[PDB]
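Peer 1: Numbering (the UniProt record's numbering), first residue to last: 113 to 416.
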Ligand SMILES: CC(C)[C@H](NS(=O)(=O)c1cccc2nsnc12)P(=O)(O)C[C@H](C(=O)O)c1cccc(CN)c1
Ligand SMILES: [Zn+2]
């Protein structure tokens with residue numbers, strides 16, 4: 113019961129990750145980088161023509177449970193990658209020279225919760241000591257300026273930074289994988305909604321990254337490319353000044369690990385529907401986003 117033009121529940125996404133791997137065993141392999149608080153496998157797909165010691169780009173979706181278009185996009189990306197490999201020259205070059213690590217849904221427990229009990233949930237669903245309030249904000253749970261500006265120490269708050277950095281099994285798993293694979297990963301892309309933005313470091317402080325001038329030009333070019341299809345307008349810049357400070361983010365943590373091309377995407381829209389983006393907009397949203405991801409990928413290959 114899977115569709116690329118509808119939002120799919122976790123049972124369906126899980127089945128899809130196995131399906132797309134089985135159909136394309138020579139281009140895709142699947143692993144589980146860990147388990148969620150509730151015991152669900154956290155899947156990662158490795159998309160590319162297999163080879164020794166290839167560079168890689170890492171992309172995840174579904175950090176935040178309610179941001180359903182994010183999850184939708186990782187699925188769209190994988191189909192497009194397989195469908196156009198061997199057919200379109202650029203994607204064919206891409207998957208020959210590098211690997212894509214695609215993590216379709218990080219916060220699986222929260223996503224299940226938005227389908228069963230509360231469409232507007234954001235955090236994980238781990239329990240907290242001493243309170244009935246549930247969950248930690250995964251994008252405040254990484255070891256980058258942890259629990260300083262833009263995060264809450266209150267477990268009942270939506271930006272609760274957690275009992276400690278990487279306290280959540282899900283974020284521990286992601287950080288672990290990246291650490292173990294640091295030599296290969298040239299870029300980190302993390303998909304959110306909404307607001308139509310491309311963000312880069314820093315978010316935990318107002319200081320600018322060493323390669324600020326390069327990241328700004330790249331984001332500028334990427335939003336230009338995105339707009340070419342349907343005229344969708346993105347803003348861009350350092351996280352802290354471009355939206356608000358948010359310490360403990362995975363893009364900042366990836367960057368300070370040495371991954372110099374680290375971007376957060378905020379997809380459609382700009383508040384008309386917000387997180388409840390109509391299914392009729394999924395295809396158009398994913399198509400234009402593909403153009404930006406491919407632009408950044410082509411850039412990375414030329415700047416290894
Ligand atoms: C609507 C977008 C902007 C989400 N922010 S939100 O907390 O859900 C939110 C929704 C509605 C109104 C709001 N006012 S302030 N935050 C709001 P986000 O969750 O995707 C933003 C993301 C985060 O808060 O983790 C983010 C903010 C700043 C910087 C970065 C990159 N590290 C990421
Ligand atoms: Zn988000």
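For each residue, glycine too, the CB sits at the ideal point set by N, CA and C.
Is residue 280 a contact residue of ligand 2, with contact defined as CB to any heavy atom under 7 Å?
Peer 2: Outside the cutoff, so no.
Peer 1: Taking residue 346 as the reference, give the member of 165, 164, 141 and 331 with the closest Cα.
Peer 2: Comparing Cα positions, the closest option is 331.
Peer 1: Just to confirm, are residue 189 and residue 218 a CB contact at a threshold of 8 Å?
Peer 2: No, these two residues do not count as a Cβ contact at 8 Å.
Peer 1: So, is residue 388 buried or exposed, given that buried needs 16 or more other C-beta atoms within 10 angstroms?
Peer 2: Residue 388 should be labelled exposed.
Peer 1: Going along the chain, which residues of its own chain have a beta-carbon closer than 6 Å to the beta-carbon of residue 408, five neighbours each way excluded?
Peer 2: The residues are 334.
Peer 1: Should residue 120 be counted as a contact of ligand 2 given a C-beta to heavy atom distance under 7 Å?
Peer 2: No, the Cβ of residue 120 stays beyond 7 Å of every heavy atom of ligand 2.
Peer 1: Can you determine whether any heavy atom of ligand 1 sits closer than 7 Å to the C-beta of residue 243, and answer yes or no?
Peer 2: Result no, Cβ not under 7 Å from ligand 1.
Peer 1: Name the residue from 140, 343, 325 and 252 whose alpha carbon lies nearest to the alpha carbon of residue 270.
Peer 2: Residue 270 has its Cα closest to that of 252, out of 140, 343, 325 and 252.
Peer 1: Give me the Cα-Cα distance between residue 278 and residue 232, rounded to the nearest whole angstrom.
Peer 2: Their Cα atoms are separated by approximately 24 Å.
Peer 1: Buried or exposed, going by whether 16 or more other CB atoms sit within 10 Å of the CB of residue 79?
Peer 2: An answer regarding residue 79 cannot be provided, because it is not within the stretch 113 to 416 covered by the chain.
Peer 1: List in chain order: all unbroken beta strand (DSSP E) runs of 3+ residues lying wholly within the region 328 to 383.
Peer 2: Runs of the beta strand (DSSP E) inside the region 328 to 383: 347 to 350 and 373 to 379.
Peer 1: Take residue 170 as the anchor and find which of 162, 180 and 158 has the nearest alpha-carbon.
Peer 2: Answer by Cα proximity: 158.
Peer 1: Between residue 234 and ligand 1, is there a pair consisting of the residue's CB and a ligand heavy atom that are separated by less than 7 Å?
Peer 2: Checking the Cβ of residue 234 against ligand 1 gives yes.
Peer 1: When the distance is taken between beta carbons, is residue 202 closer than 8 Å to residue 125?
Peer 2: In this structure, residue 202 does not lie closer than 8 Å to residue 125 by Cβ.
Peer 1: From the DSSP output, which residues share a beta bridge with residue 314?
Peer 2: DSSP, once it has assigned bridges, lists no residue as partnering residue 314.
Peer 1: May I ask whether a heavy atom of ligand 1 can be found less than 7 Å away from the beta carbon of residue 307?
Peer 2: Checking every heavy atom of ligand 1 against the Cβ of residue 307, one is found closer than 7 Å.
Peer 1: Which residues mark the beginning and the end of the alpha helix (DSSP H) in which residue 209 is found?
Peer 2: Note, residue 209: alpha helix (DSSP H), 201 to 209.
Peer 1: Excluding the 5 residues preceding and the 5 following residue 427 in the sequence, name in chain order all residues of the same chain whose CB lies nearer than 6 Å to its CB.
Peer 2: One cannot answer for residue 427 here, as it falls past the ends of the chain, which runs 113 to 416.
Peer 1: Please find out if some non-hydrogen atom of ligand 2 comes closer than 7 Å to the beta-carbon of residue 212.
Peer 2: No, the Cβ of residue 212 stays beyond 7 Å of every heavy atom of ligand 2.
Peer 1: Ignore the nearest five residues each way along the sequence and tell me which others in residue 136's own chain have a CB closer than 6 Å to its CB.
Peer 2: Contacts found: 194.
Peer 1: Assign residue 215 to one of three DSSP states: helix, strand, or coil.
Peer 2: Strand, per DSSP.
Peer 1: Kindly indicate which three-state DSSP category residue 402 falls into: helix, strand or coil?
Peer 2: Looking at residue 402 - three-state DSSP - the assignment turns out to be helix.
Peer 1: Under 6 Å from any heavy atom of ligand 2, by CB: list those residues in chain order, please.
Peer 2: After applying the 6 Å Cβ criterion, the set is 175, 176, 179 and 304.
Peer 1: To the nearest whole angstrom, what separates the beta carbons of residue 263 and residue 359, a pair I think is in contact under 8 Å?
Peer 2: Confirmed, Cβ separation roughly 5 Å.
Peer 1: Which of the three DSSP states, helix, strand or coil, is assigned to residue 292?
Peer 2: The answer is helix: DSSP assigns residue 292 an H, G or I state.
Peer 1: Specify whether the region 334 to 343 and the region 399 to 408 touch according to this definition: at least 3 beta carbon pairs, one from each stretch, less than 8 Å apart.
Peer 2: Short answer: they touch.
Peer 1: Going by alpha carbons, who is nearest to residue 147 out of 207, 363 and 288?
Peer 2: Cα-wise, what sits closest to residue 147 is 288.
Peer 1: Report yes if the C-beta distance between residue 298 and residue 168 is below 8 Å; otherwise report no.
Peer 2: Contact: yes.
Peer 1: Any heavy atom of ligand 1 closer than 7 Å to the CB of residue 315?
Peer 2: Because some heavy atom of ligand 1 lies under 7 Å away, the Cβ of residue 315 counts as near it: yes.
Peer 1: If distances are taken between C-alpha atoms only, which option among 151, 315 and 210 comes closest to residue 355?
Peer 2: It is 315.
Peer 1: Thinking C-alpha only, which one of 353, 114 and 122 is nearest residue 222?
Peer 2: Nearest C-alpha to residue 222: 122.
Peer 1: How about residue 254 and residue 362: do their beta carbons lie closer than 8 Å?
Peer 2: Cβ atoms of residue 254 and residue 362: closer than 8 Å.
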